[PDB]
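The chain that follows stands alone, in the form deposited in one PDB entry, written as structure tokens.
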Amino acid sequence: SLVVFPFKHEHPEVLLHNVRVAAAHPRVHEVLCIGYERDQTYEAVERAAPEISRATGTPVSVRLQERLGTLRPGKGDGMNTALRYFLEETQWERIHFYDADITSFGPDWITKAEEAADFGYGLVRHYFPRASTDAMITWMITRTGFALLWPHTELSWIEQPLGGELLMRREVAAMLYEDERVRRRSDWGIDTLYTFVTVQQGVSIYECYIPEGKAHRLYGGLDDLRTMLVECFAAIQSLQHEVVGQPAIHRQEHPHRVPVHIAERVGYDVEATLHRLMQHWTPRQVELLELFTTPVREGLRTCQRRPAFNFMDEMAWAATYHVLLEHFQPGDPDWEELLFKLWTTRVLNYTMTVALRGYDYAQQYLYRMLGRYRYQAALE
């Protein structure tokens, strides 16, 4: 199999440790590291790769990501480059992707994916326990959008649709690489597109549970996720008129109990997030709120003077989501800022009405939330 580590500026020593683990695994026949640019990380990896190849007997190569899509040059260009190399320059039957900064990587991650593929699955996804205030794009944007738009399908049931740890067999990789919607998604929206079109094409999917290993982003406001937010939402919006059938084979390995350090984690800086909600207003943002329901219009306009978020409950967020789907303009600074502020208020509301009640409450809430959204959408 080919194992791929896309990387940008992640610390090279954790990356190289992970490369070594992959290369030493008996089912891995090649490791590919796809870099963003010729930075310090890149040169460290290029230098180290020959010694790793010699010591394990498994070839390790390093390449620059190619410009294959039409959005911001980002993660999608990286992953689609790897698909191209896999398809046009190798004969391997399976390709894995893992993020470069995973902290708890071991041979078992590779073995679990390969063994599930041996059972017959076309796509294997690794999923992880997350803090109640992490994964707010996943839950409030991606899974919510899938539930509201395609309530009868498997889309909203995929645990971590934005997750970059997965295995594809060759035929699935070939289908994705040939798909123009996937190829153009050069930015953060790539994982959304891989998830969407594998489901739409009826690929069998297995989700392996890994208790630990996603790196935590640095402590910061929700502002730190703003680019990912606007690109992940734009991806959902770009797909909104697609038709998706019900037939799916989609299985999930049952979780173990969540590790204490995940249950006790806080995923963002609340004070910074409240402050940022009051910033970067324009007269145009104030006016565009006329498109939204009255409680949301009045609630977000209040944020010019002080942080407000009690208004952005579960139902208000769904109504807001549909207004954004119709009117949001990708690339337009005011629309991107409005999406960001609106999402902020939902996350804050969820934080104080759900997450503050504790990890177990939050987990049951989130699944029931998707349930109510599917039900509402199916009736309308």
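From 1 onward, residues are counted along the sequence shown. The term rigid core refers to the most C-alpha atoms you can superpose between the two forms while keeping them within 1.5 Å.
There is another form of this protein, the form deposited in another entry, and it is not shown here; the text below is about that form.
Shift analysis on the rigid core between this form and the one not shown singles out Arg217 from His275, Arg301, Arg217, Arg251 (C-alpha displacement of 2 Å or more). Relative to this conformation, a decrease of 3 Å or more in the Cα-Cα distance between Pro6 and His216 is found in the other form. With a change of no less than 3 Å, the CA-CA distance between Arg20 and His216 is smaller in the other form than in the form shown.
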